[PDB]
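K.L.:
Below: one structure in structure tokens.
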Amino acid sequence: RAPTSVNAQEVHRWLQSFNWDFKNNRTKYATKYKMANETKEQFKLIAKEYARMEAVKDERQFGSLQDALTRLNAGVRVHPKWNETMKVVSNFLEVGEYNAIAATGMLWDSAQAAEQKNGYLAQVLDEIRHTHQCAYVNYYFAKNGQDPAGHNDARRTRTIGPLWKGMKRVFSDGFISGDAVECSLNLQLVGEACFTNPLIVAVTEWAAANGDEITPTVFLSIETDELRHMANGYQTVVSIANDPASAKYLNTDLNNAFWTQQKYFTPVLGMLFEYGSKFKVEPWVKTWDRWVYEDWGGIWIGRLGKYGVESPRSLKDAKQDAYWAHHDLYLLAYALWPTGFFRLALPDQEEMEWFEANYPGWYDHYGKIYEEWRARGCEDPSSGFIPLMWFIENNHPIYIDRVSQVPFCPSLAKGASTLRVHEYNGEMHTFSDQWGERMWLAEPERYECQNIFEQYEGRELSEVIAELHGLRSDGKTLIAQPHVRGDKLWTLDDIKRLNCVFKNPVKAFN
Amino acid sequence: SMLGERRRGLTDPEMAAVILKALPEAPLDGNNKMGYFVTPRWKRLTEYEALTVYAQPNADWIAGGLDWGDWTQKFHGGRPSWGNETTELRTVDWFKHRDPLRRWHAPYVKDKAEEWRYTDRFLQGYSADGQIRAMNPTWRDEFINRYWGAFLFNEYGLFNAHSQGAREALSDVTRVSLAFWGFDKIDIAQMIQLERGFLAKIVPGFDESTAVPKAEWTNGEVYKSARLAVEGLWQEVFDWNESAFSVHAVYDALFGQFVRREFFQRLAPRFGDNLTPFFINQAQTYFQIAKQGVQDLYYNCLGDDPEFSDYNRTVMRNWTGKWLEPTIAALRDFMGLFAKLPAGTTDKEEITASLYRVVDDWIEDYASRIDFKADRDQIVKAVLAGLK
Amino acid sequence: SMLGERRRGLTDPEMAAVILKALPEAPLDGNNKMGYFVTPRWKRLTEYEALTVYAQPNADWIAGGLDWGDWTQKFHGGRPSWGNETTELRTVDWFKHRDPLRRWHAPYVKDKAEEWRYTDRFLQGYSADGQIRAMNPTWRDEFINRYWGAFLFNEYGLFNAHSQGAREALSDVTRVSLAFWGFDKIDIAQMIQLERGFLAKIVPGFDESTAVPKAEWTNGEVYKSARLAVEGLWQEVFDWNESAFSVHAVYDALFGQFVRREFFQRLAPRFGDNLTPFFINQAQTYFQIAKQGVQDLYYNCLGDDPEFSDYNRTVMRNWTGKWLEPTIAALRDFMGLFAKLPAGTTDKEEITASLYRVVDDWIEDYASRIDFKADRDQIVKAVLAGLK
Amino acid sequence: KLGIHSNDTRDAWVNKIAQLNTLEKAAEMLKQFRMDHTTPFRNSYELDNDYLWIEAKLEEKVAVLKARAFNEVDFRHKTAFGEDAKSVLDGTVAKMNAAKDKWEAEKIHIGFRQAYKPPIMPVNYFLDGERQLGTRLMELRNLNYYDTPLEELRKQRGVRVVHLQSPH
Ligand SMILES: [Ca+2]
Ligand SMILES: [Ca+2]
Ligand SMILES: [Fe+3]
Ligand SMILES: [Fe+3]
């Protein structure tokens, strides 16, 4: 009669025997591999214990948020640039978390071994917690922040801009469309293992450097759930490494996966980190090299070698195209600032000294352009000037990769400048690299995403913003701004008078 | 060091002063409600909606979407990441659904976590209070371990029947509710095994191994027509809306509710067993939790869609009829268990009253909603025709 | 304003700079363990011990106190704020006691809160799933409303029996355990009423008024001696340990365990009543939780005290004989309830066996711990006499 | 009236789609719409910005009609044309496993979607096909994915190379 009970492990002991054979016990999704129904998961969890370990983390997190942090006004004492940057980081990462839900559900279906399914299932739930966690960050900043616009409606207002299309590729469509296994490589093997996991912490570092104690509180919680997903990703390869097909496709789907992810984050993250902040933590060059080269492409990939996994072939190339990528991207981002749902700022003297110091030759190219733009009045709404105008005047076409959706301007870029333009059955396609060109050439019906210029072509800027509700409470002031000061905020009218009309750049080639 | 190395913008004098200097003197927008543009189901916007609605990046070409354009990357062949083509059902807006319980991840794990710990204490009191002493050896070794233990796979199978849905659902509100319906099911399955694992610890000679219950499921008779219905709802159905509906509003509402409630929850007491009913309490509370959402999705929303009311209602009646039969077959095969019970444990007058309860409830909670004409008598008589 | 008006030393650049400058290089002592001087009961000091032990400002003249001198203010007449004179028991240190469940306030309310919420969900799923349909009318309206309800006053009385102890307990660890044993009893009394109030809502004509079960309690025969014993334990015992000991290691260990478990828990399941057994589960869990604390204090700390073991055992044997008699009377009268049950509900053998279970549990969990020479045959025979 | 979510070219099709009141031409019109306006093989790109929305608004009307003009057994085994769902699925998969290359496989899958995509074929069989058809396509395609130089690959796809810029 000793007080007795049963724990997660004890029940999980027989979870593997839960599945049984029958003619139709098979995946509903198209795939090229076979996941052994003999596969096991590392963490022996039961729905109930899982609930408990997550509710504990919640109590801390929300306790800090609703109490100590709210009392310290932590929602306000954050740098203006970062309050903006988090409108993008949180909501954009939100979609990553939300599609990861569907992704792991798809993988839960692919799994045959009851344990692998439970492993994926455990993630399905984590991603739901993460979807709600990222949602809460914007929610908290909207309620207690210095500027709720953008935080309060990113879900709809993000559709006006181009940076969002690219996000969807690596974090939405990349996570779910294609061979379930390729979707696992995007999401877990590369996505979370190479980028997501370390950026989450990195994001907390920059957040704290800029007064943001809200994000560290939430992202560090989310963080705690990541070792289970990477284990899920690792076990994915193990569950197929024993299959012949694997040796015939694993490395090719992984390389595409690698290029797919790095193609967006290499430029985007560096830009959010170095340009959406006042106080810096570390030059993106350093971070990138470390993450992708020594840790991921080195240590982490090295473990799966024994499982038939090779370093992505496009690796060297990715490094080549990287150095100026984020710096090149911000020019486009600021130039098209009216298509965003956040406020951007031009580097100040201290920052320009920082960039040049850590990026020799930065001033002679980007610095001078920015100063040129500011002296001309790009920050003042009575100047009638928008940097997009500077790109037209100097014949510097801005295209959108048909695959990655990433904006690129080869005539100006200090980074890669290759450009491949094709026409097929009445439509033109623009590509920024040899890898993305191949993916389209091989799978043209997988990438038919209409770019921003295709949709907005002929339309007057002001009315595109208006239709997509890019305005603030007063229905007059834009959500997006070319500066982060409290006054001289641009209005839809200040935009309308510019008389900017979108044009499809590929049409120039006739 | 005691002070550390990292300087922080909120507390570091120099950095904070720079931050403060750069701050405006008032928020740049008085509208501080993160889901303000969302249409409330209730009087005020709940945290549940603000945090859930529109998290899914659907374009307008998918009823309800707010984005625009095709997906950026699709399936080989061209299949959309998500699409209208993955479900027979049509609607004016896939984001109308609302979980009556407003359950997002936080509240959800908070409740199950309380239950897990309530459960752990219960087992320690039960064992220390020596309540196992008043439990019928036969009922224990034969009906809880074998038949109840085998039902573990039924629930388990209905759980996996949610994998595709978790991947294809056309909206966040429908995706979360759906994932919770599935998670609760695997929970119960694991709970049936928990009990068997408990008994093993306080009842020497009791094997927790799934071996026995498994064979009763895989190669048994009692649950033969049952397993066939499950293997069907899970692997043979490709329409996510058909799986959720068929399972929660047909199969599990009839077969499941009768087995869990009208057999174990009703007979376990008579055999000095307050243990099993403790877990069946959870599975029933869960059932009722799901039911509210399953009703709000397929009836309030779809069945009563301002433009496709007639359409869906027809497609559902179609499913209601497609599965009501495999269900009935799985119920009569279950009857073969009543002749297993010690002589004089239950007369047919009861079975008829309980069998009528599962049907009657089903009719007031589901069938009558889609205007599906069901005949209580024919149903009851049909399953009975396999009894003893 | 947005930034506020109050300046905080942790965030205000100026004030923080002043605080940061006056700070030392490192802590002025590396012993960052509050309570480090407390003898741990286990491997390492627990948060429970640190936050509790020595909170009571006793002086060395009350076994184990670390302070010195008389109290600053005493009762008119001279009576000490706390003193040895309030209990017959002696020990080498009143702070020895440890709640095996290490329950300090936070953990305690956390668990009861989960129980509150879990209970709330239970009733909703129970009511929505319509489970009263299967409950026998007579059992519900007579044995639950009148007799179970009447038991509400028994537990309420035992709760109140802890009032003096709350004020007199010689140490913090003992006071806290006492407070929790008592508070758990008031809760049970309220749950018994929670059930009645519930039945009033789902069963038309069921009156939640306490009048009926109270008249049974104050004037009936079934509980007469039980009430007499309770009135005595509560108001005629001025010694805080005799009260706690007699209540938990004599009266509730015999009468209480018999009524809750051998009558109601045992018989309700027979009348299709899963409602009452739900609440009884809590009471049994609470009972097992308290037992651990009770055994640690009276048996492990006092009954086995290195210097006063034989003394404390003599006193507890004394107390046991004192309260065993009125407890047997309490059980003897209860036997009368069996004749009230529907014919063939249970028989003399089932009752005698359940009686022997309780007494055997009592003999090994309590009596034998102090060498009380209890004769099982004699006790059961004395009680059986009340079988009308 | 220019627009992204609401525009004349869109109001035009709902006006047009409204005239439909017979599952006959409705089902037929959906298949045509798909042949001209969807996939890289579409007949035109004039509806690029609005076809996805219109296609769905079309599928709706075809669903409502097919539901009222179909018996339960057919509604889940017979296409909106009259064809037998299964027979088609098995035929298309039979042919797919026949294809001698990625190029052939590719055309069988894409053509399949344009033709039988619901509300034409019952979703159950459609996605069942999508599973097998997609598995074949990928298997062939992903075999020696990089061996074919871009130059040669470009001729195989048959694109009109309009411009090439590469400093490396
Ligand atoms: Ca009497
Ligand atoms: Ca007998
Ligand atoms: Fe995540
Ligand atoms: Fe993750």
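By convention here, the chains of the structure tokens are called A, B, ... in the order presented, each chain's residues are numbered starting at 1, and ligands are numbered starting at 1 in the order presented.
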Using only C-alpha atoms and all ligand atoms, which residues have at least one atom no more than 8 Å from ligand 4? Output them as a PDB file with C-alpha atoms, in the first residue's frame.

P.N.:
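What ended up in part.pdb:
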```
ATOM      1  CA  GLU A  97       5.906  28.730 -36.437  1.00  0.00           C
ATOM      2  CA  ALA A 100       5.782  24.416 -38.990  1.00  0.00           C
ATOM      3  CA  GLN A 123       6.409  19.501 -32.403  1.00  0.00           C
ATOM      4  CA  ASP A 126       5.236  23.333 -29.874  1.00  0.00           C
ATOM      5  CA  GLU A 127       4.779  25.256 -33.112  1.00  0.00           C
ATOM      6  CA  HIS A 130       5.300  29.372 -30.772  1.00  0.00           C
ATOM      7  CA  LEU A 187      12.204  23.202 -41.734  1.00  0.00           C
ATOM      8  CA  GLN A 188      14.335  21.104 -39.385  1.00  0.00           C
ATOM      9  CA  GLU A 192      15.915  25.252 -37.342  1.00  0.00           C
ATOM     10  CA  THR A 196      16.087  29.504 -36.497  1.00  0.00           C
ATOM     11  CA  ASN A 197      17.628  28.075 -33.327  1.00  0.00           C
ATOM     12  CA  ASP A 225      11.503  23.733 -27.188  1.00  0.00           C
ATOM     13  CA  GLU A 226      14.005  23.649 -30.062  1.00  0.00           C
ATOM     14  CA  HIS A 229      12.617  19.677 -33.256  1.00  0.00           C
ATOM     15  CA  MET A 230      16.250  19.354 -34.275  1.00  0.00           C
TER      16      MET A 230
END
```

K.L.:
I'd like the contact shell of residue 217 in chain C - 8 Å cut-off, only C-alpha atoms, skipping same-chain residues fewer than 2 positions apart - returned as a list in words.

P.N.:
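Surrounding residues, per the criterion: residues 150, 151, 153, 213, 214, 215, 219, 220, 223, 224 and 227 of chain C.
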
K.L.:
Using only C-alpha atoms, find which residues of chain C lie within 9 Å of chain B and jot them down as number ranges by chain.

P.N.:
C: 1-3, 9-17, 25-27, 111, 113-115, 117-118, 121-126, 128-129, 131, 134, 261, 265-266, 268-274, 277-278, 281-282, 284-289, 361

K.L.:
Find the residues in chain D near chain B: any atom within 8 Å counts, using only C-alpha atoms. Write them as a compact mmCIF listing (two decimals) with N, CA and C atoms, in the first residue's frame.

P.N.:
```
# COMPACT_ATOMS: atom_id res chain seq x y z
N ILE D 4 -6.98 45.05 -56.44
CA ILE D 4 -6.21 43.84 -56.19
C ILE D 4 -7.16 42.74 -55.72
N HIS D 5 -8.13 43.13 -54.90
CA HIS D 5 -9.12 42.19 -54.36
C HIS D 5 -10.48 42.40 -55.01
N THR D 39 -1.27 27.17 -64.61
CA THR D 39 -0.05 26.40 -64.85
C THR D 39 0.81 27.05 -65.92
N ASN D 49 -3.22 37.96 -62.65
CA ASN D 49 -3.56 38.58 -61.38
C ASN D 49 -4.90 38.21 -60.76
N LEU D 52 -6.68 32.82 -59.99
CA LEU D 52 -6.80 32.01 -58.77
C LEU D 52 -8.13 32.25 -58.05
N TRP D 53 -8.52 33.52 -57.96
CA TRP D 53 -9.76 33.89 -57.29
C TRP D 53 -10.98 33.46 -58.10
N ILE D 54 -10.94 33.75 -59.40
CA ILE D 54 -12.04 33.41 -60.29
C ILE D 54 -12.20 31.89 -60.38
N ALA D 56 -11.68 29.68 -58.21
CA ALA D 56 -12.38 29.23 -57.01
C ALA D 56 -13.85 29.63 -57.05
N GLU D 60 -16.92 26.89 -57.03
CA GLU D 60 -18.04 26.98 -56.11
C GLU D 60 -19.34 26.63 -56.82
N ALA D 63 -19.72 23.16 -57.70
CA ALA D 63 -19.94 22.30 -56.54
C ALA D 63 -21.41 22.29 -56.15
N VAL D 64 -22.00 23.47 -56.03
CA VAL D 64 -23.41 23.58 -55.68
C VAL D 64 -24.30 22.82 -56.66
N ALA D 67 -23.87 19.02 -56.58
CA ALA D 67 -24.44 18.47 -55.35
C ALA D 67 -25.94 18.26 -55.48
N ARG D 68 -26.60 19.19 -56.17
CA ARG D 68 -28.04 19.10 -56.38
C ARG D 68 -28.37 18.15 -57.52
N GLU D 72 -25.96 10.54 -54.01
CA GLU D 72 -24.88 10.27 -53.06
C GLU D 72 -23.78 9.33 -53.53
N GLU D 106 6.08 14.75 -66.12
CA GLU D 106 5.69 16.12 -65.86
C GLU D 106 4.36 16.49 -66.50
N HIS D 109 1.15 14.70 -64.90
CA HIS D 109 0.72 15.24 -63.61
C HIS D 109 0.00 16.58 -63.76
N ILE D 110 0.64 17.51 -64.45
CA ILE D 110 0.09 18.84 -64.66
C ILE D 110 -1.22 18.78 -65.43
N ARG D 113 -4.06 17.63 -63.16
CA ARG D 113 -4.63 18.65 -62.31
C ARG D 113 -5.62 19.52 -63.07
N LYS D 117 -9.14 18.28 -61.28
CA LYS D 117 -9.12 18.99 -60.00
C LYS D 117 -10.55 19.24 -59.51
N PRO D 118 -10.82 18.95 -58.22
CA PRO D 118 -12.17 19.18 -57.69
C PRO D 118 -12.58 20.62 -57.97
N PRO D 119 -13.89 20.92 -58.02
CA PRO D 119 -15.04 20.03 -57.83
C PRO D 119 -15.36 19.05 -58.96
N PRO D 122 -13.75 13.64 -57.27
CA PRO D 122 -13.96 13.67 -55.81
C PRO D 122 -12.59 13.87 -55.14
N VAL D 123 -12.51 14.79 -54.18
CA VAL D 123 -11.25 15.08 -53.50
C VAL D 123 -10.48 13.84 -53.06
N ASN D 124 -11.18 12.85 -52.52
CA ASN D 124 -10.54 11.62 -52.06
C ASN D 124 -9.66 10.96 -53.12
N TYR D 125 -10.17 10.82 -54.33
CA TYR D 125 -9.39 10.20 -55.39
C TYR D 125 -8.33 11.19 -55.91
N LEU D 127 -6.52 13.62 -54.42
CA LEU D 127 -5.33 13.65 -53.59
C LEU D 127 -4.66 12.27 -53.53
N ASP D 128 -5.45 11.22 -53.73
CA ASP D 128 -4.93 9.87 -53.74
C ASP D 128 -4.02 9.81 -54.97
N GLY D 134 2.58 12.50 -57.85
CA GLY D 134 3.65 13.34 -57.35
C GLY D 134 4.89 12.53 -57.02
N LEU D 137 6.67 11.69 -60.46
CA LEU D 137 7.30 12.90 -61.00
C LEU D 137 8.60 13.23 -60.27
N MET D 138 8.53 13.30 -58.95
CA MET D 138 9.71 13.61 -58.15
C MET D 138 10.83 12.60 -58.33
```

K.L.:
Using DSSP on the backbone coordinates, identify the residues of range 410-492 of chain A assigned to strand (DSSP E or B); present them as a PDB file with C-alpha atoms, in the first residue's frame.

P.N.:
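Final output, saved to out_10.pdb:
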```pdb
ATOM      1  CA  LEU A 419      20.940  38.081 -64.012  1.00  0.00           C
ATOM      2  CA  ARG A 420      19.162  35.481 -66.115  1.00  0.00           C
ATOM      3  CA  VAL A 421      16.005  36.464 -67.936  1.00  0.00           C
ATOM      4  CA  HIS A 422      13.871  34.004 -69.837  1.00  0.00           C
ATOM      5  CA  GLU A 423      10.507  33.771 -71.465  1.00  0.00           C
ATOM      6  CA  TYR A 424       8.285  30.713 -71.554  1.00  0.00           C
ATOM      7  CA  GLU A 427       5.609  34.964 -69.467  1.00  0.00           C
ATOM      8  CA  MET A 428       8.998  36.394 -68.467  1.00  0.00           C
ATOM      9  CA  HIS A 429      11.125  35.110 -65.555  1.00  0.00           C
ATOM     10  CA  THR A 430      13.972  36.837 -63.673  1.00  0.00           C
ATOM     11  CA  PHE A 431      16.566  34.869 -61.681  1.00  0.00           C
ATOM     12  CA  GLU A 460      -0.525  54.344 -58.420  1.00  0.00           C
ATOM     13  CA  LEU A 471      -2.764  53.577 -42.771  1.00  0.00           C
ATOM     14  CA  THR A 477      -0.944  58.813 -41.708  1.00  0.00           C
ATOM     15  CA  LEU A 478       0.981  55.920 -43.219  1.00  0.00           C
ATOM     16  CA  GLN A 481       7.919  55.864 -42.464  1.00  0.00           C
ATOM     17  CA  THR A 491       0.627  60.823 -45.119  1.00  0.00           C
TER      18      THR A 491
END
```

K.L.:
Considering only C-alpha atoms, extract the chain A residues located within 12 Å of chain C and return them as a ChimeraX atom specification.

P.N.:
/A:1-4,68-78,143-147,211

K.L.:
List all protein, DNA and RNA residues that have an atom no more than 12 Å from any atom of ligand 3, counting only C-alpha atoms and all ligand atoms, and report them as a ChimeraX atom specification.

P.N.:
/A:90,92-104,122-134,171,175,187-188,191-193,195-197,199-200,218-230

K.L.:
Within 6 Å of chain A, which residues of chain D are there when counting only C-alpha atoms? Please give them as a ChimeraX atom specification.

P.N.:
/D:39-40,131,134-135,139,159-166

K.L.:
As JSON, numbers by chain, please: every protein or nucleic acid residue near ligand 2 (cut-off 12 Å, counting only C-alpha atoms and all ligand atoms).

P.N.:
{"C": [344, 345, 346, 347, 348, 349, 350, 351, 352, 353]}

K.L.:
Based on the selection just made, write N, CA, C and O atoms of those residues as a compact mmCIF listing (two decimals), in the first residue's frame.

P.N.:
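The file below, result22.txt, is the result:
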```
# COMPACT_ATOMS: atom_id res chain seq x y z
N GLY C 344 -31.19 -6.45 0.02
CA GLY C 344 -30.15 -7.08 -0.77
C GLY C 344 -29.04 -6.20 -1.32
O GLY C 344 -28.36 -6.60 -2.27
N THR C 345 -28.83 -5.02 -0.74
CA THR C 345 -27.77 -4.13 -1.21
C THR C 345 -26.41 -4.65 -0.76
O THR C 345 -25.43 -4.61 -1.50
N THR C 346 -26.35 -5.15 0.47
CA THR C 346 -25.12 -5.69 1.02
C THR C 346 -25.51 -6.60 2.17
O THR C 346 -26.66 -6.59 2.60
N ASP C 347 -24.56 -7.38 2.68
CA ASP C 347 -24.87 -8.28 3.79
C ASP C 347 -23.87 -8.22 4.93
O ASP C 347 -22.81 -7.61 4.83
N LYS C 348 -24.23 -8.88 6.03
CA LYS C 348 -23.39 -8.88 7.21
C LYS C 348 -21.94 -9.24 6.94
O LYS C 348 -21.05 -8.69 7.58
N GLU C 349 -21.70 -10.15 6.00
CA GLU C 349 -20.32 -10.53 5.71
C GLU C 349 -19.55 -9.41 5.01
O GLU C 349 -18.38 -9.19 5.31
N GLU C 350 -20.21 -8.71 4.09
CA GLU C 350 -19.55 -7.61 3.38
C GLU C 350 -19.22 -6.51 4.38
O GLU C 350 -18.16 -5.90 4.34
N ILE C 351 -20.15 -6.27 5.30
CA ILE C 351 -19.95 -5.25 6.30
C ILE C 351 -18.85 -5.64 7.27
O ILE C 351 -18.00 -4.83 7.62
N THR C 352 -18.86 -6.89 7.72
CA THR C 352 -17.85 -7.31 8.67
C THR C 352 -16.46 -7.22 8.04
O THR C 352 -15.51 -6.79 8.68
N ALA C 353 -16.35 -7.61 6.77
CA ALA C 353 -15.08 -7.58 6.06
C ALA C 353 -14.56 -6.14 5.89
O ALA C 353 -13.39 -5.86 6.15
```

K.L.:
Go through the chains and note each residue within 8 Å of ligand 1, using only C-alpha atoms and all ligand atoms, then give the set as a list in words.

P.N.:
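These are the residues that qualify: residues 221, 222, 224, 225 and 333 of chain C.
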
K.L.:
What does the distance between CA of residue 325 in chain C and CA of residue 148 in chain C come to in Å, to one decimal place?

P.N.:
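Result for CA of residue 325 in chain C versus CA of residue 148 in chain C: 23.5 Å, one decimal.
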
K.L.:
What is the CA of residue 8 in chain D to CA of residue 465 in chain A distance in Å?

P.N.:
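Computing it gives 19.1 Å between the two atoms.
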
K.L.:
From the set B:120, B:5, B:172, B:375, which residue has the shortest atom-to-atom contact distance to residue 54 in chain B, counting only C-alpha atoms?

P.N.:
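Checking each of B:120, B:5, B:172, B:375 against residue 54 in chain B, counting only C-alpha atoms, the winner is B:172.
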
K.L.:
Between CA of residue 50 in chain B and CA of residue 344 in chain A, what distance in Å does the model show, to one decimal?

P.N.:
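Distance reported for this atom pair: 25.9 Å.
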
K.L.:
Which polymer residues have any atom within 9 Å of an atom of residue 191 in chain B, counting only C-alpha atoms, with same-chain residues fewer than 6 positions away left out, as a PyMOL selection string?

P.N.:
(chain A and resi 11) or (chain B and resi 152+279)

K.L.:
Write a file of the just-selected residues containing C-alpha atoms, as an mmCIF file, in the first residue's frame.

P.N.:
```
data_model
loop_
_atom_site.group_PDB
_atom_site.id
_atom_site.type_symbol
_atom_site.label_atom_id
_atom_site.label_comp_id
_atom_site.auth_asym_id
_atom_site.auth_seq_id
_atom_site.Cartn_x
_atom_site.Cartn_y
_atom_site.Cartn_z
ATOM 1 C CA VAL A 11 3.629 4.519 -20.525
ATOM 2 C CA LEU B 152 -6.644 1.885 -26.643
ATOM 3 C CA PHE B 279 -10.017 8.011 -16.694
#
```

K.L.:
Determine, counting only C-alpha atoms, which protein, DNA and RNA residues have an atom within 9 Å of an atom of residue 253 in chain B; residues of the same chain fewer than 5 positions away are not included. Present the result as a ChimeraX atom specification.

P.N.:
/B:247-248,258,287,291,358-359,361-362,366
